[PDB]
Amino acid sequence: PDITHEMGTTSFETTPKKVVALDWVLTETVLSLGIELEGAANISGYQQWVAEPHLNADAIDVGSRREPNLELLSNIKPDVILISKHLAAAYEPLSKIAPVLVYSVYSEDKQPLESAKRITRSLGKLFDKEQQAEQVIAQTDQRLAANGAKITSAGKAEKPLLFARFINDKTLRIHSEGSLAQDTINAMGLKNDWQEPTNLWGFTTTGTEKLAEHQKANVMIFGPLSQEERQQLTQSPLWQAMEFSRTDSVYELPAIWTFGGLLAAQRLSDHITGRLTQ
């Protein structure tokens, strides 16, 4: 019955049935184990930026990731509330409503894939889904290796990758050390063209002029992009001047969460493999 999390040890004499997750990677992880959410933070955002796996029908929006709705959470009476250390200032208030477990995929460890495995195992214990947890972990490692072997065998692993989130006309997040994207492509035997320092989420915020020092890369642009965002890239003199634009070496990915878990890594791996070996 005793579960350890980042704020100590909690006992559950029955598996918690009504589950709230207050970040999207914990939402993804709960869903990865075949468990439904009573509530999740910012469902319209999860739908836009995460997309899969699909949240269950009856899931209630319990506030923003930064501002949980305490009145609503009190009314819906969860059996467990899942947060990261990024919401630790809400630990004691949420604790008055229900048992709170603290799990952080993104920490100063900067090993998101390994953290998501550790956390998939803890939540597998919490929900009596340990076998399902071990298979999500094994299938993640299987898919990365197999996709890596395919890309390498096709002679497509030699060109380095640049992973970019569009922020505005003049601003990008480039994903490298500590990013889900980097843990994924490292496992697939690919090279990151970005070697600048990153925050604990695994990205550097940069100007778009920095792309000029990375023209030999295959550029992967995270989805989704708005019509206005995509027109800004299509029409930008800077982007159209870059070698990767002239050599058809720019790929727009679908909506896959850059701060997601094992299922995000699986989907990102599949889509990269598709684009590089089509």
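Start at 1 and count along the sequence shown; that's the residue number.
- 241-249 and 62-70 differ in mean CA B-factor, and the higher of the two is recorded for 241-249.
- For the two regions 167-175 and 141-149, the entry's Cα B-factors average higher over 167-175.
- Per the deposited record, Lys156 carries the highest C-alpha B-factor of all listed residues (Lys156, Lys110, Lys117, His86).
- Of the candidates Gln48, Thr29, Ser226, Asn42, the deposited coordinates give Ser226 the top C-alpha B factor.
- Among the modelled residues of its chain, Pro160 has a C-alpha B-factor that falls in the middle third, as given in the PDB entry.
- In the deposited entry, the Cα temperature factor of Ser104 sits in the bottom third of values across the chain's modelled residues.
- Residue-level temperature factors show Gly260 in the lowest third of its chain, judged at the C-alpha atom.
- Compared with the other modelled residues of the chain, the Cα B-factor recorded for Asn186 ranks in the lowest third.
- The entry lists a Cα temperature factor for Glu92 that places it in the middle third of the chain's modelled residues.
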